[PDB]
Structures are given as structure tokens and as C-alpha cells.
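Derivation of every value follows stated rules applied to the coordinates shown; laboratory data play no part. Positions of Cβ are generated from backbone atoms using ideal geometry, with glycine treated the same way; all protein chains shown enter the neighbour counts.
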Amino acid sequence: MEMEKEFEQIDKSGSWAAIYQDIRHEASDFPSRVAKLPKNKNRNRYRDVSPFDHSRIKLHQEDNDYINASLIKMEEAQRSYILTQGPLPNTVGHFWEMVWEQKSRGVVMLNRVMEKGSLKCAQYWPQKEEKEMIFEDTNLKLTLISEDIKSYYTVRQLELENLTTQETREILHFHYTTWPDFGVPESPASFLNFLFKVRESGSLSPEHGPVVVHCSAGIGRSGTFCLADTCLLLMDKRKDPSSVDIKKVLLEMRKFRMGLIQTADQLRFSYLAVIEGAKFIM
Ligand SMILES: N#Cc1ccc(CCO)cc1
């Protein structure tokens, strides 16, 4: 079926939970043996969210190459994304090692450091120009260059220096700051505006490594971001945009990382964002 009218048909019939459970039943199951090794317990935020072995990002290190991060490669759309958990106190250096080694231009953050009164990820970037951060375990230096605070999101320019080689690179930090503590946003308008700002920066384009996108677990809000982007790109590329099937795209993405889209409300919100975004594109 088309999307917008399939949407109204699920709303009127109140069957979002049944649609979402079908997705969960059909989703791929692949091994995640490296994630479950005992030496990696303090590298995982949640015991039930792990990268598959076949698609995990490897650190360029011979001691321990593990990070909770996955490469999502979308062949027809010609987009790649790295989805990862919010960094932990003992993985902030690994996080920036990955950004460096994979040649990423942008980092997309969809959570606040504290939500619901608890910590959802480490404070992994510097908050003042004159107070830089050094990660001694991976030999990297990180400096805040500039910051632009808007009503729904903040953009930061950061300098990442490889202290072994003295090479430097400019990284863009796109921070969506207004996702509610419970539920999903009422309108997709500010999320779409944010997606378009990431796109306009070059961070999603083939001349750079894959964008790094995270929330707390790296599957819920993060899944929404890449699902919406990929569906809108396919609607631009194809002769028949109504042939884009959002449930099939999501199942394809779940071949590369488990659990993408965590609730039926997140699924409905993804539909809403693609539907509204397709009208603005033209
Ligand atoms: N890119 C891309 C892409 C991903 C999924 C699908 C659905 C396959 O039946 C089609 C295209």
C-alpha cells in the first residue's frame, strides 16, 4: 500500500502495536559473540543491546578492538551510517578513536546527557574553548571551536587532533536537544528541520566517512533518524515514490543492527516524518 493512506488505515483501526510486533517477529537474528565476551562487559551500556559480529565497527587496536557500534550500509540509497550507544566513562576515548579511524565528518546526538534524572551518556565533548580534553588511552585531543545554540538544536565545531601524527580535522556536532523525556514529539517539523541541517553540512555525503549517530542505546531515536533519511532519499531517486515501503526498509536496516525503532509510537512517528517530509521536498 501507499504510505499516507496505510497510515490513516492503521490509525482508524488502532493496530500500531500489531504492526510493530510483526516487525519484531520477522527481524533478523545474527550472532553477537564478541560483544558478550567477559572482557567487554564495561564497554556495553545495556546487556540486551549488542552489535552483530558481521557488521560491527572494529577499532584499529590489537589489544581489544571492540566498541558497541554497527555499520548500516543502504545499497540502493547509497548512504551509510554508524549507529552507536552513548559513550560510557570508560569508552569516551574509543568513541573518538572510531570517529578518527572511520573518517567521519559529523556526529549526530539525539539525547541529553541527563534525562529522567539519570545519566544517559558521558559528557564526552568540551564545554569551553579554553578547556580542551585529552584522551590518554587513545592519544587524541579535542577542542571546542564554536557553538551555535538554537531553539531545538545546537551545532558545534570541534577540532580533533591525532597526537601521534599531529594531524587535525574539523568535526561537526549536531545535537538535537528537545526530544521529550517520555514519548515522541507531537509534530515532526523540528526533527525534519534538524535532518536537513545535517544534510546541508556535507556530513552525510560520500566524500566523507559515515556519519556517527547515537542516543542512549543507539537503536531508538537513532533508528528513527536513519530510517527517515533513507526513505526520503529513495522517494527522490525512484520513478514511483509511492513504491517506497517503510516497513521493508526498516527490516533491511535491522539486518545490520538489532532493535531499531523501540516502540510502536516511534514507528508511527517515523511514518509521520517521512509523509510530511515528502511534501516539503517538492
Ligand atoms: N536502499 C535501499 C533499500 C532498502 C530496502 C529496500 C526494500 C527491499 O525490499 C529497498 C531499498
Practice task
Would you check if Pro206 is in contact (Cβ under 8 Å) with a residue 60 or more places away in the chain, exposed (fewer than 15 other Cβ atoms within 10 Å of the Cβ), over 24 Å from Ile23 (Cα atoms) and away from the ligand (no atom under 13 Å from the Cβ)?
Solution key: yes
Exercise for the section: Check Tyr124 against each of (1) without any contact (Cβ under 8 Å) to a residue 40 or more places away in the chain; (2) farther than 20 Å from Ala69 by Cβ; (3) surrounded by 15 or more Cβ atoms within 10 Å (Cβ to Cβ) and name the one condition it does not meet. Expected result: (2)
Exercise for the section: Restrict the check to the stretch 221-234 and report whether at least one residue is away from the ligand (no atom under 16 Å from the Cβ) and either closer than 26 Å to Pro126 by Cβ or not β-branched (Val, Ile, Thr) (or both). Expected result: yes
Completion exercise
Among the residues of the stretch 57-85, the number that are away from the ligand (no atom under 14 Å from the Cβ), surrounded by fewer than 17 Cβ atoms within 10 Å (Cβ to Cβ) and more than 18 Å from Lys36 (Cβ to Cβ) is 4
Completion exercise
Exactly one of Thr168, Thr138 is touching a residue at least 12 places away in the same chain (Cβ under 8 Å) and either in a loop (DSSP other than H, G, I, E, B) or surrounded by 11 or more Cβ atoms within 10 Å (Cβ to Cβ) (or both), and that residue is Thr138
Exercise for the section: Output the number of the condition that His54 fails; it satisfies all remaining conditions of (1) surrounded by fewer than 20 Cβ atoms within 10 Å (Cβ to Cβ); (2) of a type outside the set (S, T, N, Q); (3) within 16 Å of the ligand (Cβ to nearest atom). Expected result: (3)
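Looking for something of a type in the set (D, E, K, R), touching a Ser or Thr at 6+ places or on another chain (Cβ under 7 Å) and on the phi < 0 side of the Ramachandran plot - is there at least one such residue anywhere in the stretch 66-81? Outline the logic, then answer.
The initial filter retains those residues of the stretch 66-81 that are of a type in the set (D, E, K, R), namely 73, 75-76, 79.
Restricting the remaining residues to those that are touching a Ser or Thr at 6+ places or on another chain (Cβ under 7 Å) gives 73, 79.
Of the ones still in play, those that are also on the phi < 0 side of the Ramachandran plot are 73, 79.
Scanning the stretch 66-81 turns up at least one residue that is of a type in the set (D, E, K, R), touching a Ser or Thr at 6+ places or on another chain (Cβ under 7 Å) and on the phi < 0 side of the Ramachandran plot.
Looking only at strands (runs of 3 or more DSSP E) that fall completely inside the stretch 1-117, which ones have 2 or more residues that are without any contact (Cβ under 8 Å) to a residue 12 or more places away in the chain and under 21 Å from the mean Cα position of the chain (by Cα)? So that I can check it myself, show each step before the final result.
Values: elements: 56-58, 66-74, 79-84, 106-109.
Answer list for the stretch 1-117: none.
How many of the residues making up the stretch 152-165 are free of Cβ contacts under 8 Å to residues at least 24 places away in the same chain and in a loop (DSSP other than H, G, I, E, B)? Step through it out loud before you land on a result.
Filtering the stretch 152-165 for residues free of Cβ contacts under 8 Å to residues at least 24 places away in the same chain gives 154, 157, 159, 161, 165.
Of the ones still in play, those that are also in a loop (DSSP other than H, G, I, E, B) are 165.
The total comes to 1.
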Practice task
Scan the stretch 234-252 and give yes if some residue there is touching a residue at least 40 places away in the same chain (Cβ under 8 Å), out of contact with any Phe, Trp or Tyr (no Cβ under 7 Å at 6 or more places or on another chain), outside any helix (DSSP H, G or I) and within 18 Å of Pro185 (Cβ to Cβ), otherwise no.
Solution key: no
Handout entry: Evaluation of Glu129 against (1) in contact (Cβ under 8 Å) with a residue 40 or more places away in the chain; (2) touching a strand residue (DSSP E or B) at 6+ places or on another chain (Cβ under 7 Å) (one fails), failing number
Key = (1)
Exercise for the section: Please find, among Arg254, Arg238, the residue that is within 14 Å of the ligand (Cβ to nearest atom), among the basic types (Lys, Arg) and surrounded by 15 or more Cβ atoms within 10 Å (Cβ to Cβ). Expected result: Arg254
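Inside the stretch 253-282, can you point out the residues that are polar (S, T, N, Q) and in a loop (DSSP other than H, G, I, E, B)? Steps first, answer last, please.
Looking only at the stretch 253-282, we keep the residues that are polar (S, T, N, Q), and these are 262-263, 266, 270.
If the condition is that a residue be polar (S, T, N, Q) and in a loop (DSSP other than H, G, I, E, B), then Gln262, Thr263 are the ones that fit.
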